[PDB]
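Secondary and tertiary structure notes
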There are 2 protein chains.
Amino acid sequence: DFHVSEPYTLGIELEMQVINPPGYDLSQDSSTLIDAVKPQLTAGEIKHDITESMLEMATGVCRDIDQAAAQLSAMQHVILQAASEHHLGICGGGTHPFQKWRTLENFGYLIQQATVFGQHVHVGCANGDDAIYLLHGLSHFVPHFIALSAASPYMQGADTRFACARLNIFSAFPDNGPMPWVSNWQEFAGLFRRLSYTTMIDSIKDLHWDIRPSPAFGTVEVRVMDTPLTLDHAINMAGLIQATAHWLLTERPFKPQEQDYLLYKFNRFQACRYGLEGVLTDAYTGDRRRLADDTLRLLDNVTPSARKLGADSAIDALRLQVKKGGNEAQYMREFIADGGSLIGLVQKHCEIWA
Amino acid sequence: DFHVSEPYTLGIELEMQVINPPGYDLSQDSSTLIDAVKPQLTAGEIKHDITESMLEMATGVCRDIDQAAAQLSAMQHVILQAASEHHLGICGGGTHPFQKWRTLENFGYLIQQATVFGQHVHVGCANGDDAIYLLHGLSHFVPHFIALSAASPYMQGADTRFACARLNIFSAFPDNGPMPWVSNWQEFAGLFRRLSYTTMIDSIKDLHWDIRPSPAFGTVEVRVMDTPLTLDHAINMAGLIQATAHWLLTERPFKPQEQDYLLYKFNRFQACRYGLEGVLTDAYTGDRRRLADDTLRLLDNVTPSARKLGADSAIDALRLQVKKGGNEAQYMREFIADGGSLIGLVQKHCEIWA
Ligand SMILES: [Mg+2]
Ligand SMILES: [Mg+2]
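Residues numbered from 1 in each chain as written, not as in the entry; some residues may be left out. Chains lettered and ligands numbered in written order. Heavy atoms only, no water. Residues with missing side-chain atoms left out of burial classes, pairs and counts.

Header annotation of the entry names X-ray crystallography as the structure determination method and lists the resolution as 2.801 Å.

With the PDB entry as reference, chain A is termed putative cytoplasmic protein, source organism Salmonella typhimurium. According to the PDB record, the title of this entry is "Structure of NP459575, a predicted glutathione synthase from Salmonella typhimurium". According to the UniProt record, the Catalytic activity comment for chain A reads "L-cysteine + L-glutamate + ATP = gamma-L-glutamyl-L-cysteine + ADP + phosphate + H(+)". Note on chain A: under the UniProt heading Sequence similarities, the record states "Belongs to the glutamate--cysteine ligase type 2 family. YbdK subfamily." (UniProt positions renumbered as here; feature names shortened; annotations may be inferred.)

Next up, the structure:
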């Protein structure tokens, strides 16, 4: 079932907040911005989501982060243009810091909390058995990815004490968290066949896993990241995932087993609550490594791969971020301790995107 | 180790709501009520929890639903008198229809939520391999237990659209849901040794699974039901659960396997969202049976077990419930569609408890 990709190919989706410049709440009509924009587009796709306070931008299939980065700018330039003209703003962030409130029948008040904004990264694979191996490998660094990209400390007017609270709002859905264990593509096809016997699942797109394979695009999509405040930070996470994927498939450093996932949810929570401060627990021995120490280990491990792919810039910047500093949620909170308001925080994010 | 128990013994825990009679919000001062009641007990305990809007009442080790009924009647006569003379009222339901509000370091805004009320039922086992087997059998019927006992359609003044919304507020904890697979008691001690390598867990009380073996008490505890509106419905559920444990251990319907749990979370969502109207899906054949229909199968199957244990009155009352309508949450909505107010709802609920 698996479309064949040039291995290590890259694709980025970004879910973008649309703002309203007086009071800076979430906009009501982004289908007027999106319809203004499409005409003037050269590279990429801009898509309509459901609540009309979101603007998805996506690259095409990219051969490295330079191509990705410049497709992102070609969309940004056009977006920021038509935004001025409709007196609107655009920013990232995993949540909007203060906005309050047929898929409605199925899920009720679960889809009536914060509307929520993520970055997805696609990586190309040769055959699909590789895709499953890669998925398992990338699942070991889901905490790392989350903590490098956390950008959602504020929900519904208040500090949640989480670096990433965005992911919490998906947790009562039956399909949340890690993909159930399969060992190869034959078994994955078996899993999807059985899951789809339910009323709730008709397609691959209906399964909101942390990491899921796309048969159609020939990829593995990692979906845990909050939409970041800036294009550089998005590109840096894309490079890390590309580079990590290359390390895994090339050097094959793991022999993945079902018992690896045992503490998946405990480690994933640690990265959401705290950040790079979160504590990782090994399933088998119980040895615990601080998240920050362990992402330095990861950035070291994937440096050779990043050089071959043209993504050394990205893991150079991430190493800076970890060694002295933190995620974009940490810095949102320093802004507030300087007597800033939440109305002014969102405004500074609209500007920072540029 | 697994304390040896007389097979099919019964424990009932009931978390009750303590109410403030003018405006019918939850009271904050329910431990002065408890301390008036403790001395006058001839059988069973009463406790406080972290907020003092809850009153835990637990039977001791009982031998049938008649012994359980008797102690719960005896505790209740004494609490109805201690609350009457003390300006407070008592009711059930898994959620308060409109209440708003050290460990808030660990979980933040997640425990700063609606405080929720549940009924737990322990069933005793001889060896601790029978517990693992019993747990896997009851897991098949979690959807049914929830659908039958659902009593939490309103949160924060609004209709969630769910039968049981109480179970959603736990979904963000990494340990929510089903216990990860083990095939026997030796494997279960391995599982627990590994889960406890984390900061977040030291004892068994810390793991908030739907069904959970208690080695100390020598039981399997099912933990998914909302506190019902009356003691009779509480007892009928205990009766069904004990009859079901007997049928399972005695006739061994199932050869349990990890792949049996594939659709577990999809099926329990259906029970939470819809009533007995939820549809249950078989992991192997993809067969869809409506939940009201499958609860009648479960009722017929455990009829011989229930008769033997003196709980045949409970499965007679539940067959009635399944045939002529549905759960307490449904009848909560009918009171509001009739012209009722949410304050009147809680007041009616204090009256039904007597
Ligand atoms: Mg995507
Ligand atoms: Mg309990």
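That covers the picture; the talk isn't over yet.
Looking only at helices and strands, chain A has 13 helices and 11 strands in total. Taken against the 2.2 N^0.38 rule, which gives 20 Å for 354 residues, the C-alpha radius of gyration of chain A at 20 Å falls within 12% of a compact globule. With the C-alpha coordinates of chain A rotated into their principal frame, the extents come out at 55 × 40 × 40 Å. (Helix = DSSP H or I, 4+ residues; strand = E, 2+ residues; numbered from the N terminus. Rg over C-alpha atoms; globule rule 2.2 N^0.38 Å.)

Right, let's talk about the state of the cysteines for a bit. Residues and elements named next belong to chain A. Scanning the model with the defined rule gives zero disulfides over all chains in all. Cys164 provides the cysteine sulfur closest to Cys272, a residue in no disulfide bond, and the two sulfurs are 4.5 Å apart. Judged by its relative accessible area of 2%, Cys272 is buried. (Disulfide = S-S within 2.5 Å. Buried < 20%, exposed > 50% of the residue type's maximum accessible area, 1.4 Å probe, protein only.)

The interface of chain B with chain A comprises 44 residues on the first partner and 43 residues on the second. Together chain B and chain A conceal approximately 4,000 Å² of surface at their shared face, both sides included; 58% is due to carbon and sulfur atoms. Between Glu105(A) and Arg161(B) there is a salt bridge, with its nearest N and O atoms 3.2 Å apart. Where chain B packs against chain A, one counts 17 residue pairs in polar contact. Residue assignment for the side of chain B that touches chain A shows that the elements contributing at least two residues are α3 (103–106), α6 (185–195), α8 (264–273) and β10 (279–281) of chain B. Taken together, the residues that form the side of chain B that touches chain A break down as 23 nonpolar, 12 polar and nine charged. (Contact = heavy atoms within 4.5 Å. Buried area = accessible area lost by both parts, 1.4 Å probe. Salt bridge = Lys/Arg side-chain N within 4 Å of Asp/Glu carboxyl O. Polar contact = N/O pair within 3.5 Å; in protein donor to acceptor, adjacent residues only side chain to side chain. Nonpolar A, V, L, I, M, F, W, Y, C, P; charged D, E, K, R; others polar.)

Along the chain, the position of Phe170(B) falls in the loop between β7 (158–159) and α6. Setting aside anything within four residues of it in sequence, one finds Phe170(B) in contact with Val116(B) and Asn176(B).

Now for the coordination of the magnesium ion (ligand 2). Only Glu13(B) (OE), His120(B) (ND1) and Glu221(B) (OE) from the protein coordinate the magnesium ion (ligand 2), and they sit 2.1 to 2.2 Å from it. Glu221(B) shares its class with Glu13(B); the two are buried. (Donors = N, O, S within 2.8 Å, 3.2 Å for Na, K, Ca; no water.)

Scanning the model with the defined rule gives 21 salt bridges over all chains in all. In this structure, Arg290(B) and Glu277(B) form a salt bridge, with 2.9 Å as the shortest nitrogen-oxygen distance. Highlighted residues: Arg290(B) in strand β11 (residues 288–290) and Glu277(B) in the loop between α8 and β10, separated in sequence by 13 residues. Salt bridges sharing common partners tie together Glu277(A), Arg290(A) and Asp293(A).

Residue and element names in this part refer to chain B. The topology assignment puts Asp226 in strand β9 (residues 219–226). Although buried, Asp226 forms no salt bridge, and the nearest oppositely charged side chain, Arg166, lies 4.2 Å from it. At 3.0 Å, the side chain of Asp226 and the backbone nitrogen of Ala151 are in polar contact. Reaching out from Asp226, the side chain makes a polar contact with the side chain of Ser152 at a distance of 2.7 Å. In contact with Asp226, other than residues within four places in its own chain, are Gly94, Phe117, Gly118, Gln119, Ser149, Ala150, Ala151, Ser152, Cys164 and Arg166. (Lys, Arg positive; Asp, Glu negative; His and termini not counted.)

Take helix α7 (residues 231–251) of chain B next. Residue and element names in this part refer to chain B. Between the first and last C-alpha of α7 there are 30 Å, a value that for 21 residues agrees with the 30 Å anticipated at 1.5 Å per step. For α7, the tally of buried residues reaches 17 of 21 residues, placing the bulk of the element in the interior. Following α7 by one or two positions, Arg252 has its phi on the positive side, about 40°. (Expected span 1.5 Å × (residues − 1).)

This paragraph deals with the side chain of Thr9(B). All names here are of chain B. Mapped onto the secondary structure, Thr9 falls in the segment before β1 (10–19). Taking relative accessible area as the criterion, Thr9 reaches 11% and is therefore assigned buried. For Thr9, the side chain forms a polar contact with the main-chain oxygen of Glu6, separated by 2.7 Å. Those residues in contact with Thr9, other than ones at most four positions away along the chain, are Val61, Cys62, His122, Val123 and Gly124.

Time to look at α6(B). All of the buried residues in α6(B) are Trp185(B), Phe188(B), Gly190(B), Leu191(B), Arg194(B) and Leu195(B). Buried residues belonging to α6(B) abut α8 (264–273) of chain A together with α4 (129–139) and β8 (211–214) of chain B.

Moving on: the coordination of the magnesium ion (ligand 1). Around the magnesium ion (ligand 1), the protein contributes the donor atoms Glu13(A) (OE), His120(A) (ND1) and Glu221(A) (OE), at 1.8 to 2.2 Å from the metal centre. Residue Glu13(A) shares its accessibility class with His120(A), and that shared class is buried.

With that out of the way, let us pick up empty space enclosed by the protein. By volume, the largest cavity is sized at about 360 Å³. In terms of lining residues, the largest cavity is bounded by 25 residues, among which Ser171(A), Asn176(A), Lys265(A), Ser171(B) and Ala172(B) are the most central. Listed by contribution, the elements that provide at least two residues to the lining of the largest cavity are α8 of chain A together with α8 of chain B. Residue composition of the lining of the largest cavity, grouped by class: 13 nonpolar, eight polar and four charged. (1 Å grid on protein atoms, 1.4 Å probe; cavity = no way out; pocket = protein on both sides within 12 Å on 5 of 7 lines; lining within 4 Å. Points joined across faces, edges and corners; volume = space filled by probe spheres on them.)

Now for the packing of aromatic side chains. Inspection of the entire model under this criterion finds 26 aromatic pairs over all chains. With a centroid separation of 5.5 Å and an interplanar angle of 85°, the aromatic rings of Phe162(A) and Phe269(A) are classed as edge-to-face. You can see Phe162(A) sitting in the loop between β7 (158–159) and α6 (185–195) and its partner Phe269(A) sitting in helix α8, a full 107 residues away along the chain. Accessibility classification places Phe162(A) together with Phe269(A) in one group, the buried group. Measuring from ring centre to ring centre gives 5.0 Å for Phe2(B) and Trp185(B), while their planes differ by 80°; the resulting arrangement is edge-to-face. Since its relative accessible area comes to 18%, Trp185(B) is described here as buried. (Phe/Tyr/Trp six-rings, centres within 6.5 Å; stacked < 30°, edge-to-face > 60°.)

Residue and element names in this part refer to chain A. Burial within strand β5 (residues 118–124) is extensive, with seven of its seven residues counted as buried. Going residue by residue along β5, you find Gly118, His120, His122 and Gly124 tucked away on one face and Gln119, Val121 and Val123 tucked away on the opposite face as well. As paired elements, strand β1 (residues 10–19) and β5 share five bridges and run antiparallel to each other. Directly across from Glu13, in β5, lies its bridge partner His120. Relative to strand β9 (residues 219–226), β5 runs antiparallel, the two sharing six bridges. Each residue of the ladder has a partner; that of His122, found in β9, is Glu221. (Pairing = 2+ DSSP bridges.)

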